[PDB]
Amino acid sequence: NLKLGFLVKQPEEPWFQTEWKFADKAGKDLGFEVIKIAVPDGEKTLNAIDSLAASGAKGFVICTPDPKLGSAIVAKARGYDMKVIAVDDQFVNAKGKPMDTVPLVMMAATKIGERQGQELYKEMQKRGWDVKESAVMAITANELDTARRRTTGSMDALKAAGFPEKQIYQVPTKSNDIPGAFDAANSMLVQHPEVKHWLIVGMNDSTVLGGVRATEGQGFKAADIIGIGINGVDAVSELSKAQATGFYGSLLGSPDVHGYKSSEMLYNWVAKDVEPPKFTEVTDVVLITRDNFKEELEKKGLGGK
Ligand SMILES: O[C@@H]1[C@@H](O)[C@@H](O)CO[C@H]1O
């Protein structure tokens, strides 16, 4: 019957895999087929929409590889009589202002960022680190709003908790992955020999993991590193290791909700001109660590070690 697209920027992330999985579920529930496409860059994005059209899809959910493609995506879709819903990453105009008109479903970025900071500080306190010889490494992707609001949130929280502002070092990453974050963290590490203990701030699991990997390379032991990721699902391989690392835990969101709900809303729209709410913010979050990850996953229905 009805065909709907589910386009994601990073198909390799468990986050996005989970959104795909739950979109499938909505498909089975509501009676539509989900066409799952990877759109890692702008070219593939625009091409992919062309393909959808050839397939006779009525609309698509998208997590764009670039928010600035917003205009183009919308123009293309319009042309094809396709309805669009954005997941995770909000469309912006040329000027960098949000395209409010496109329905969006995303995490409560600021709130989750702030929770990251809170939990970083809590764990620091637990370990009894001397603030004097501690520092925050904030690996940023400021060109992406969602990423920005997380890392700002985190930094704000740390500062509010009384972590010295002067000891917070930001470094931009060129890619939102391990390799990117690794590179960034490495360059910051060598700049600060004075630091004995690091808090690692990053918008997601991969970013923080990259940070952790770099610290290990610069001869830091797990005890001296705290990195708390965001996503949860992305962190499972890390949390499953025999030995504890600098990667302490992750804030598990609801990619299940994002996948299912975005899909379901698109369907209602396409099938019944049921106009989605412009903004859907998902506030779920739980801290998963080495101790509780398996419970919490299975509790949330994302089972399997
Ligand atoms: O890239 C991130 C992804 O890892 C998840 O955190 C959702 O938001 C996207 O911007």
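Hydrogens, waters and symmetry mates play no part in the numbers below; they use all other heavy atoms, side chains included. Throughout, numbering of the chain's residues begins at 1 and tracks the sequence.
- A salt bridge between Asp66 and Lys68 is absent, with no side-chain N of the basic residue lying under 4.0 Å from a carboxylate O of the acidic one.
- For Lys132, the NZ atom sits in a loose shell: 12 or fewer heavy atoms of surrounding residues, nucleotides or ligands are nearer than 6.0 Å.
- Under the 3.5 Å distance criterion, the side-chain polar atoms of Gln10 are left unmatched by any main-chain donor or acceptor of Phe16.
- Side-chain N or O atoms of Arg290 include none that pairs as donor or acceptor with a backbone N or O of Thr245 at under 3.5 Å.
- Across all their heavy atoms, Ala135 and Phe163 have their closest contact at CA-CZ, 3.8 Å.
- The side-chain contact (heavy atoms from CB on, under 4.5 Å) test with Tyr267 singles out one residue from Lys83, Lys58, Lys272, and that residue is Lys272.
- Relative ring orientation between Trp129 and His197 is described as parallel, the plane-to-plane angle staying below 30° on a 0-90° scale split at 30° and 60°.
- Side chain of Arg148 to backbone of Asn142: a donor-acceptor contact under 3.5 angstrom is found.
- Partner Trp15 forms a side-chain hydrogen bond (donor to acceptor under 3.5 Å, both in side chains) with one of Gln17, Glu19, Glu13 and no other, that one being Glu19.
- Residue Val257 is found in a hydrophobic cluster whose other members, listed by chain and number, are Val282; membership requires side-chain heavy atoms under 4.5 Å apart, directly or through intermediates.
- For CZ of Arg127, the number of neighbouring non-hydrogen atoms (other residues, nucleotides, ligands) closer than 6.0 Å is greater than 12.
- A salt bridge does not link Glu296 with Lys300: none of the charged nitrogens is closer than 4.0 Å to a carboxylate oxygen.
- Taking the six-membered ring where the residue is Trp, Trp198 and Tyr169 present perpendicular rings, their angle passing 60° and hence far from 30°.
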Note to self: Run the side-chain contact (heavy atoms from CB on, under 4.5 Å) test on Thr146 and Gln90 for me, step by step, so that the C-alpha distance in whole Å, both residues' side-chain angles and the decisive distance to 0.1 Å come before the verdict.
What the structure shows: CA-CA 8 Å; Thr146 190; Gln90 184 173 31; over 6 Å; no

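- Hydrophobic cluster membership is shared by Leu158 and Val285, with clusters built from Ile, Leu, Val, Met, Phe, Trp and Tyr side chains linked at under 4.5 angstrom.
- The pair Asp183-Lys174 fails the salt-bridge criterion, with no side-chain N (NZ, NE, NH1 or NH2) lying under 4.0 Å from an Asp/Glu carboxylate O.
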Margin query: If you apply the rule side-chain contact (heavy atoms from CB on, under 4.5 Å), what do you find for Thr151 with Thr207, and how did you get there?
Written below: CA-CA 11 Å; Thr151 59; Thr207 302; over 6 Å; no

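- Side-chain atoms of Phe22 and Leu302, non-hydrogen and from C-beta on, do get closer than 4.5 Å to each other.
- Counted within 6.0 Å of CD on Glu43, heavy atoms from surrounding residues, nucleotides or ligands total 12 or fewer; the atom is thus considered open.
- When all heavy atoms of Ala235 and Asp205 are compared, the pair lying nearest together is N-OD2, 3.5 Å.
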Check: What's the verdict on side-chain contact (heavy atoms from CB on, under 4.5 Å) for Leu287 and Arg115, showing C-alpha distance, side-chain angles and the deciding distance?
Finding: CA-CA 9 Å; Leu287 178 75; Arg115 177 67 179 279; 4.3 Å; yes

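- Looking at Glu123, its side chain never comes within 3.5 Å of a backbone N or O of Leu199 through a donor-acceptor pair.
- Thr152 places no side-chain N or O within donor-acceptor distance of the main-chain N or O of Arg149, the cut-off being under 3.5 Å.
- Within 6.0 Å of NZ on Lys221 lie no more than 12 heavy atoms contributed by other residues, nucleotides or ligands.
- One N or O on the side chain of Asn292 and one on the backbone of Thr289 form a donor-acceptor pair closer than 3.5 Å.
- Between the side chain of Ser154 and the main chain of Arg150, no donor-acceptor pair closer than 3.5 Å is present.
- Using a cut-off of 4.0 Å between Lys/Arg side-chain N and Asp/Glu carboxylate O, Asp24 and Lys36 are scored as salt-bridged.
- Taking a 6.0 Å sphere around NZ of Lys278, one finds it holds more than 12 heavy atoms contributed by other residues, nucleotides or ligands.
- Counting heavy atoms from C-beta outward, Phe32 and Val270 have side chains that stay 4.5 Å or more apart.
- With hydrogens and angles ignored, the 3.5 Å screen pairs a side-chain donor or acceptor of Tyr121 with a backbone N or O of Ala161.
- Between the side chain of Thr173 and the main chain of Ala181, a donor-acceptor pair closer than 3.5 Å is present.
- Here the closest non-hydrogen pair linking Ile85 and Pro276 is CD1-CG, 4.0 Å.
- For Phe182, the ring-ring contact (aromatic ring centres under 6.0 Å, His included) test picks out no residue, with sequence neighbours left out.
- Here the side chain of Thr215 pairs a donor or acceptor atom with the backbone of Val212 at under 3.5 angstrom.
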Next item on the list: Test side-chain contact (heavy atoms from CB on, under 4.5 Å) on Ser250 and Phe293 and set out the steps.
Entry: CA-CA 9 Å; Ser250 183; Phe293 77 100; over 6 Å; no

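- The residues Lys76 and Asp50 are annotated as salt-bridged, a charged nitrogen and a carboxylate oxygen being separated by less than 4.0 angstrom.
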